[PDB]
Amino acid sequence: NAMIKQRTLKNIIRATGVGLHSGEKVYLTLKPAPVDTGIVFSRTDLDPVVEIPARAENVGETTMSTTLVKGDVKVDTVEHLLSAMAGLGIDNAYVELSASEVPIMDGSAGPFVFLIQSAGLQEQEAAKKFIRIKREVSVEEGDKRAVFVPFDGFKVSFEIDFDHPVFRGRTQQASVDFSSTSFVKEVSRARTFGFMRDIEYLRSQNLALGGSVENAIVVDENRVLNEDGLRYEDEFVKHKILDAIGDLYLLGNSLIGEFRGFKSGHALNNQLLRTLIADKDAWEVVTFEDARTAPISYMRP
């Protein structure tokens, strides 16, 4: 039988861009890593070089993006790159950065999934480990909720709630079941977004210095300002799904289960992970010695 194997990169990937929040120019380098390394961020601009494993315990700030911290060393906005890594089944990789923030690229996981697939994937000689949800686990705060439900595969449901003319109809909720729907085709191209009133407040405080219509959907009181429009009819809720997939990948292993989110953000997503990790009776580590019988499928490398 053919086991589901761990994956890394076949070749080194190089990217350049700007941090959404910092506005700083950053050089990103993706490198192959040995079996059981996981995703590890590396700040190569520092002396000595500081390594931060992409794990729930290393999550610092969770206000507008997911930030990893080790001492006072930070790696900001890891969620879109981790979403791309999770979507393509990359287990092990070194993510080298020349600055404290992952480049925003076009605001989606699209440019990352393209850079990874261009370099190609390398299957490694070790079984891929999955975390299977055995019991329900939920976290709430006010009207926000995030839940893990046992499910034979991988499924993400998300609902947003904006009282705004652009956000009416069935476009405010989406469910993606990865047994029948491609992360690449239906999720990866969904861009980050911001409302003009919030952006004006951020700018007044010298925040979100790298943001523009080139790396985000900008919505005022009545419309989308981007001249070229949306990539999906429900691009906003698909971006929240992209975010949830990246934040969930801080578990350090692919999930076998279902995520449901209602107005959930980076903070509640990480509180859900921390609650699941603490509740050892709600999950177990599984491997698939026969890919045929597996409830999750990855694209060929």
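Note that residue numbering follows the sequence shown and begins at 1. What we label the rigid core is the largest C-alpha set whose atoms superpose within 1.5 Å from one form to the other.
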Stretch with larger C-alpha RMS deviation in 4 other deposited structures of this protein, core superposed, 193-201 versus 105-113: 193-201
Core-fitted comparison in 4 other deposited structures of this protein, 62-70 vs 49-57, farther C-alphas: 62-70
Given the other compared entries that model the residues flanking it, would you say residue 132 is unmodelled in at least one third? no
Tell me whether residue 168 turns out to be unmodelled in at least a third of the other entries of this protein, restricted to those that model residues on both sides. yes
Using only C-alpha atoms and the B-factors in the entry, which stretch averages higher, 127-135 or 75-83? 127-135
Compare the mean C-alpha B-factor of 44-52 with that of 228-236 as given in the PDB entry, and name the stretch with the higher value. 44-52
Among 221, 91, 200, 159, single out the one with the highest C-alpha B factor in the record, please. 221
I'd like to know which of 163, 140, 101, 106 has the highest C-alpha temperature factor in the PDB entry. 163
Rank-wise, by C-alpha B-factor, drop residue 19 into the lowest, middle or highest third of its chain. lowest
Taking only the Cα B-factors deposited for this chain, tell me whether residue 211 sits in the lowest, middle or highest third. middle
By the record's CA B-factor, is residue 188 among the lowest, middle or highest third of residues in the chain? lowest
Can you tell me whether residue 146 has a C-alpha B-factor in the lowest, middle or highest third compared with the other modelled residues of the same chain? lowest
Of the three thirds of Cα B-factor ranks in this chain, residue 264 occupies the middle
